[PDB]
Structure formats: C-alpha cells, structure tokens
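Only one chain is given next, in structure tokens, and it is the form deposited in one PDB entry.
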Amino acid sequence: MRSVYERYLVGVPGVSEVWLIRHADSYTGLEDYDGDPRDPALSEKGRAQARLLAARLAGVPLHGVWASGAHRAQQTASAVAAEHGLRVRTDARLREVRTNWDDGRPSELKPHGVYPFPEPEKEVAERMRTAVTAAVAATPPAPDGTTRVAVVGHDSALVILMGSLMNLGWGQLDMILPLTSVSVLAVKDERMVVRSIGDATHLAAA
C-alpha cells in the first residue's frame, strides 16, 4: 500500500531536493536592446528579481548551484550561489529547447497543444532529467537533513521536464513558470518527483 509513497519519495531516506529556477528577466536593460542579443545579460528588472530570489534562498540550506551556459541563467545563479559560499556549475543539458527551425521560421504556439519545437520533447526531457540526476550525484550530501540543489534554467525546458515527471503531455500542464520562480523536485537516484511548481512569491514583497 505504501508502495505508493515509495513512488512519491515521501518518508524515504536519502531524498534530495532540486529547486528548479527559471532565470530572471533579460533581453538587456531597456535603454534599448543595446548589447549582444544572442546572450543577453539580465535587465535592470531581472537584476532586482534575482536579488529578491537570492534573499529568499539565503534562508534555506543549499549545497550546490547549477545553471545553463546562458548569461541570464548564470547571472541569476550567481546571485543565489553568493549567499551560500557555492560556485555556479554549468551544464549545457539545461539549455532552453531549441526554438528556431532550420528552414527559417520560429516556433508557433498552436492552441491545440501539439508540441511545436524542432527539438523533440523526449530529447529535452532526457537531457534535463540527466542533468538533474548528475547534479545531485555531484553534490556531497548535506551534513544534516536534506541535500538541496538549485538549478537555474529556461521556461520551456523546465516545463517539459516537469510534465514528463508527471506523465502530462505537452500543454496539459497549462501554466507559465514566472521569472525566478522556484519549482521543487524530490530526487532519489533516478526516481524524480514534482513537489511544487512555479512559485515566485518573493516577487510579492517588492
């Protein structure tokens, strides 16, 4: 009967938490899209979100911080890591789904919910899952209590990961992850379970 909470990773020894974080606001500070548009820094707004996120996470025990190689993810992760004495570790498997088609067009957003991206959903989920597993594997276990790892990534890849863990097809999990939102996973080896999704309540304060 409690094989149902073995699959829920509840009351199970050696469960780690992964706090999936969408990066903060970018496209560069809005004097104009002044810098290199291919890898923009956080905007002035995004820098403020990243501060509120880093303050909220300052109060939590944290044992590793990972990000994609995108500047906007790195800069969000760096604010978080600095509150804890951690390095940011980088993994290309956390990059956003490929959105541009090779023939010249961008990815549409059909209402139906047929998956619209040129990189297949199962590929995105597999690299995201592998990254999450590898990050936990790379983190020494917390001295007391739950090993916790922050992972800073990108909206569509994060939702694709969470939907795959929840057995929900593209667009069934009909929500948009806020910038600097926190979604918590529970991880025990290759078992991985969604605990919470999309919380950006630290943006309510300021």
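Don't overthink the numbering: it's just position in the shown sequence, from 1. What we label the rigid core is the largest C-alpha set whose atoms superpose within 1.5 Å from one form to the other.
Note that the form deposited in another entry isn't included here; everything after this is about it.
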Checklist entry - Core-aligned, does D144 move its Cα 2 Å or more between the shown form and the other one? => result no
Checklist entry - Any chance the CA of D199 moves 2 angstroms or more between the shown form and the other one, core superposed? => result no
Checklist entry - So with the core overlaid, does the Cα of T130 end up 2 Å or more away between the shown form and the other one? => result no
Checklist outcome for this item: Cα of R93 vs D103, shift of 3 Å or more in that other deposited form, relative to this form: the pair sits closer
Checklist entry - If the CA atoms of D102 and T99 move by 3 Å or more in that other deposited form, do they move toward each other or away, so closer or farther than here? => result closer
